[PDB]
Every structure is written in C-alpha cells, then in structure tokens.
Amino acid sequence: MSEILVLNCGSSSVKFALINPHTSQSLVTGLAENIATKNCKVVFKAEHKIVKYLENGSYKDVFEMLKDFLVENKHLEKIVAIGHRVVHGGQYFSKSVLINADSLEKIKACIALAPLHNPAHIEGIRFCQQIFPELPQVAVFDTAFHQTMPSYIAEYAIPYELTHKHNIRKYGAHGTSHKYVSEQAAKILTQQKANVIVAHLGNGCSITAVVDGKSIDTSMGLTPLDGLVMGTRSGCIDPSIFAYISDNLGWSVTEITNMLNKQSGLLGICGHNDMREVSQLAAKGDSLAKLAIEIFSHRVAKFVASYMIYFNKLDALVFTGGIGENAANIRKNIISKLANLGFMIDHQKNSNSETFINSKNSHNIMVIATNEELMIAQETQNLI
C-alpha cells in the first residue's frame, strides 16, 4: 500500500504524482502552475479532475495545499518517501541518492551547471523537509544515465583546465526518460539490454544512442539548451553568434543566452512553441510553420543518422515524449528524411501510434510512452 510522492519543481510550477511502486499505479497526478502570479492554480487529477485557484499563491502555499489534499484524501499516511526530479547532477552522480547534507551540497554546486533548473529543485526539497519532515527523500538526476558516455565523446575540444578544473563537458539530460524507455524497449524486444536510438520529443527534445543498455552519446550538452530544435530552445548553433550579436546589437551574454532558451526553437522560427499548433498552422498553409517542421524534423534525422555509427546492429529507433508519442505527422516526416538509411514507415501503424510503426523492409521503428514519474518512484523505493 506504500506510495511515493514524485515531484518535478520548476521556476513557477510543480508537477506531482502519487505512485504505488509495488503496483506501478499512478493514483493521483497534478500540476501547480502560474505560481506567484494572480493566475496561480493547482490541478488535481484523481478519480475526477479538481482545479483549485489561488490568486497570488506562493510556492509555499502550493506545498501547503498539496499537503492539505493528501491529508483530506487520506494519502499522507500511505506515503513512505518523496522522489524529486533533479535535472543536473554534474560529475557527482551516476545513480539516484538519498537527500542529506552531502547530496544537497552537491546539487547546490550544480546550480552553476544548470542555473535554469537546479534552484527550483532545491527549493522544492527544502519545502518538503519543512512540510514532510519525517519522510526520506531521493534525488533522481536527468544527467545520471548519461554518465557512461566516454571522454572522447563527452569532452569538448577546449583547454584541459576548462574541462577538468571547471567541469565543462557534455552531460546531457532527459536521462530518466532515456533510461526508462530503453529498458522498456529491451523488454518488448525480449533482449537483456537495448541497442537503440531513443528520440525524446516534447517541449524539450533530445536523442540518445544506447549501446548494450548504456548511454554512449546524447544531444543535449553542458545544459538542456543544446542539440535538437525544441519549443523555445535553439539547440545546436555556432558559438560565433555571441560575438556577432554583442558587437552588432550590443546584447549581453545573459540576454543572448535567454533568447536561445526562451525565444528560439519553434517559437523563434514560426511564432508558436506548441508543436500541435504548429502542425495545425502548417496544415492550413502557413509557410513559417511548415518551415519550422522541416528544420525540426531534419535535425532529428541528422542526429539519428550520426548515431548509426555506434551500431553493428540497431535494435530499434524509438519515439517517445509528448510529440514522439502522439504526432504521427512528425514521425512520418522524420522517417521520410531517413529513407536513405533503410528506415520506412507503415502509414496505418503510424496513424494509430502502434508499438511498432515500421514497414516490413525497415529497421524497427517504435513508439513507447515514457513514464519518468514511475521510474523516479522505483528509484526512490530502491533506496528506502
């Protein structure tokens, strides 16, 4: 009957789920958003949906409302631990860990590496210590899975001292998703270990080569900004743009970096960050939306192609994430761009988002739902 409270704390949002690790069931899921604004609200999804508005609600208010809900609905007594999604564990963590003085010190040190992510994770952990004092807590790092990437792949071609004294290298992210999905792939294919390429396509997008079950290369970088085109993130770009923009427009590094993270990607190209809206606009003939789809899909194809280098035999190309799981048109586009590499879609299977969507003469092409919350619950249960 034990449950794990799973959290993903963001700058103005808290995503939560109550999961039974023994049954793998998600009993309650929810999302607080627009925190610290007049539009603050918390959506609870249990048997039925309940939306609770809290004008000007703070992060602490949100946690108190979450606790109130757990108490009133008699979940608090069943909860044995809290698992936190933490984006960046730097070179410190290659697996999940209990939250205590040491791990917290390290998570704090990694703020430098993921300044747009780790502060909120830590704030969440602190609220939980205050509000659920007697529960053990676990951190599950989106960089952990990628810690197996070898130096010749992960390191950049920069001064030794920057690499080693300042820990600058490729870390990747979405690790929990890539781990969960690649393990699911091996299970479905009845393999002990997966040899797959996993494309996690959602608001953020990344892709990872998994060889014998371990990440060997991945698209995000020092931070989740790098690699694929995303909702508001640029992904790959010539570092020369900093000097160019600074010299010519006078923007600061902070301003340029904010633009790459918040005003770029699909949003920058066509004016919409939501791929669903972009698809609908493109279908109606919007030229920029159509272009955004081409740039997005072509870059995914280029990464898949590049990762073929790692495989004597590729078990499967796997789609996951909000877009990967649901957007048949995007999967079709990416696969059409991979025709020369022996990938081919079965349109009927694709339209239904089946587990396998490839035709007969093609590498396996799979659609697998990610479940980061369940993975976090399991990682957490393992440590208590």
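Sequential numbering from 1, following the sequence displayed.
Comparing the deposited coordinates for 145 to 153 and 286 to 294, the stretch with the larger average C-alpha B-factor is 286 to 294. Mean CA B-factor, 313 to 321 versus 35 to 43: the higher value falls on 35 to 43. Of the candidates 214, 174, 169, 78, the one whose C-alpha carries the top B factor in the deposited record is 78. Within the listed group 115, 159, 235, 204, the record reports its top CA B-factor for 115.
Ranked by C-alpha B-factor against the other modelled residues of its chain, residue 306 falls in the lowest third. The PDB entry assigns residue 99 a C-alpha temperature factor belonging to the middle third of its chain's modelled residues.
Ranked against the other modelled residues of its chain, the C-alpha B-factor of residue 223 as given in the entry falls in the lowest third. Placement of the Cα temperature factor of residue 5 within the chain: middle third of the modelled residues, per the deposited record. The PDB entry assigns residue 91 a C-alpha temperature factor belonging to the highest third of its chain's modelled residues.
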